[PDB]
Amino acid sequence: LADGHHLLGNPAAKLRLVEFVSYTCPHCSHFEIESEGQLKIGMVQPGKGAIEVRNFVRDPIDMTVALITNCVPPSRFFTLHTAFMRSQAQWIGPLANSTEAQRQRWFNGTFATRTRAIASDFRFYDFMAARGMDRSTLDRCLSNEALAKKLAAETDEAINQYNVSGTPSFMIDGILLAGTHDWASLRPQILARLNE
Ligand SMILES: [Cl-]
Ligand SMILES: [Cl-]
Ligand SMILES: [Cl-]
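Using the entry's author numbering, the first residue of the sequence shown is number 44, and each one after it goes up by one.
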């Protein structure tokens, strides 16, 4: 699959759930905690369906996290993606707490300068060091502007083709699910399809 797309489970499974999610969205964090287990044991493990996670990148903080999760091998993506989502409350504090002068650096200057400022402010060096990724490996990841452009293009595809606006959003078998932005609304639609 293309950059910013990641597939969990069997590509030939009949039910394909696409998730448009963002690392800076509180609804996506809550959704991951609520849904990850049940989707795995109920659907993915028995080979009844597969999950395509798309990084819907909303802001440069999101972009910085998505550079990290997309720079690791496919077999590490899902653990890392889940970790950022599950531990969102632990790392996202500077979004609320930072001052004007700090915020200025996230939204101005070149891609490299702002990505480095964000990674510093959000303490991603320490977060990723605690997960085996050293500073040199993280530096290379954060400077991958080519990848940032591809993730931006993937995000633009979601916005343009599917009118994706709020997060998380979902499609099942090509249909974007109206009014469906949490596990409580999603699950009955998944079970209806599985149990047809
Ligand atoms: Cl939820
Ligand atoms: Cl740090
Ligand atoms: Cl498009």
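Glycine is no exception: its CB is placed at the ideal position from the N, C-alpha and C atoms.
Residue range of the beta strand (DSSP E) that includes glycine 92: 92-98
Euclidean distance between Cα positions of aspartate 169 and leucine 229: 35 Å
Element boundaries [beta strand (DSSP E), containing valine 61]: 58-64
Simplified DSSP state of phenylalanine 170, which is helix, strand or coil: helix
Reduced DSSP secondary structure (H/G/I, E/B, other) of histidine 224: The DSSP-derived three-state label of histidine 224 is coil.
Distance CB(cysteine 71)-CB(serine 78) smaller than 8 Å: no
Closer than 7 Å: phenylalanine 167 CB and nearest ligand 2 heavy atom: yes
Cβ-based neighbour list, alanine 195, same chain, cut-off 7 Å, excluding 5 preceding and 5 following: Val100
Nearest-angstrom Cα separation, counted from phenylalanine 167 out to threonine 112: When the Cα atoms are used, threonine 112 and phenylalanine 167 turn out to be separated by approximately 12 Å.
According to DSSP, residues forming a beta bridge with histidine 48: Answer is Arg97, bridged to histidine 48.
Closer than 7 Å: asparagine 203 CB and nearest ligand 3 heavy atom: yes
Coarse secondary structure for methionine 176, derived from DSSP in three states: Under the three-state reduction of DSSP, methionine 176 is assigned to coil, being neither helix nor strand.
Proximity of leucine 237 and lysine 91 at Cβ, strictly below 8 Å: yes
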